[PDB]
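Here's a solo chain for you in C-alpha cells, the form deposited in one PDB entry.
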C-alpha cells in the first residue's frame, strides 16, 4: 500500500548498521535475499527503492516509462554537474539535450566519415602503435582509453590526439582516477552521508578538482571554436551547438547555454571514454585467463575475415562466436552494477506499492546480468551463455548492460561497434601473453561501487606470423 518493505531504519543513520562492509551492491543483494525483487533502503536520509531482476526493471523502465524516466544523483559528482549536461539533466533540459546529443552523435554532415570509418582508422592507429611496442609488457589502460576517447573526440572536436601527447595522457589519467575515486568505499559512503561528509576533506574534493581541470580544456576549446566558427560549414558537435546557441540567444531561458555546452561535452567524454575502455581492460584480462577462448576467436577471425583485411561491422553476422565472447565480456564485467540512479517523476503504483514523486530508484542491472534462469552458473565467464546448441548466437532479454527505456545509453551503437572492431582488430594482429599463469589470474575487481573496475595487470601483444 505504501513504500516497499525493507530493513527498519534508524533516524539519522538510515540502514547503515544493516549494510555489508563490502559495499552497496553486496548490501543490496543481501536485502534481496530477504525481501525479494522490490524493496526500500534508507541511504542516510533518503529512501531509495531497489528493483532487481529483468522483470521488475523492464516493468519500470519500459511499461512505466512515464514515471521512471527521471535521473537521480550520484553524490560524488552532483556538486560538479548540478543537473547540467544530458546524463544528469531532468525535465525539458533533458529533452533538449538528449535530442541534440542523439542527432549530433549520429549525423555528421556531408563529407564526414561514418562512426564505422572513424573506429576503423583508430583501430589501424592502434595496431601500428602495438607493432611499435615490440612485445613489451604494459598496462594497456591508457591505450584503451586513447582509442575510445579519440572516437568521441573526432565527433566533438573534429580531431584525434596522438598516443604520445602527454597532455592527452594527463586528461586520460584524470578520467581514470576519477572513475576509481567515485567507485571507492569512500564514494559509496559519500552516497549515504554526503550532507555530513562534504564539510571534511576527502575524495569528493579530489573528484571535483579533477573534473574542473578537464572542464578548463573544454571551455578553452569552446572559445577557439566560437572564434573560427563558419555558420555555412560547421566542423563538429561543438560548432553545431554554437549555432543553436546563436539561434536562441534572445531567449534567456535557452537550454543551449555555456554551462550545458561544457558539461554536456564533459559528460559525453567521460561516458564515452571510461565505459568502453574499462570493458576492454576486463576483456583482455579475461582472454589472459581463458586463452582457449582467445584462440577460438582467432580461428573465427581467420575463417571469416582472414589475416589482413580490416574487420568491418558487416562481419558480425558471420562471427557468432566472437559476438558471444563480447556479450559475455559485458555480462561478466557488469560495468555499472546498479546502473545510474533514476528518480520517479510522478506518483505511481508499482506491484501494489505506492511510490511518491521524487523517490530515488536504483535498477540493479547486475541482477539481470547474473540471473541464473537466463545464464547457468552466472558467476563464471562462459561465452556459451550466448550460444545455442548449433553454435548460433543466442540473444536474450536479460542482457541489459546499457539499461532500457527513455534513458537507455545513448552511446550504445557506438560502444558496440568499438567493442567489436577494436577487439577483433587487435586479435587479428596479435596474440596475448603475460607473466601470470591463467590459473593464477585474479579477476576480483579493484573497486566495486558505481563502477566495477578490474585490477591492473601487465600484458604483451605478440605479432602473429
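Positions refer to the first chain, counted from 1. Rigid core (definition): largest C-alpha set, two forms, superposition within 1.5 Å.
The same protein also has a form deposited in another entry, omitted here; what follows describes it.
Q: Against the rigid core, a Cα displacement of 2 Å or more between this form and the one not shown applies to just one of 259, 346, 303, 349. Which?
A: So the only displaced C-alpha belongs to 259.
Q: With the core lined up, does the C-alpha of residue 105 move 2 Å or more between this form and the one not shown?
A: Passes the 2 Å threshold, so yes.
Q: Quick one: core overlaid, is residue 379 moving 2 Å or more at the Cα between this form and the one not shown?
A: No, residue 379 moves less than 2 Å.
Q: My question is whether residue 246 is one of the residues whose C-alpha shifts by 2 Å or more between this form and the one not shown, given a fit on the rigid core.
A: Comparing the forms between this form and the one not shown, which are aligned on their rigid core, residue 246 does shift its C-alpha by 2 Å or more.
Q: Could you tell me whether residue 255 and residue 339 have their C-alpha atoms closer or farther apart in the other form than in the shown form, knowing the shift is 3 angstroms or more?
A: Compared with the shown chain, residue 255-residue 339 is farther in the other form.
Q: Say whether the C-alpha atoms of residue 258 and residue 71 sit closer together or farther apart in the other form than in the form shown here, given that their separation changes by 3 Å or more.
A: Result: closer.
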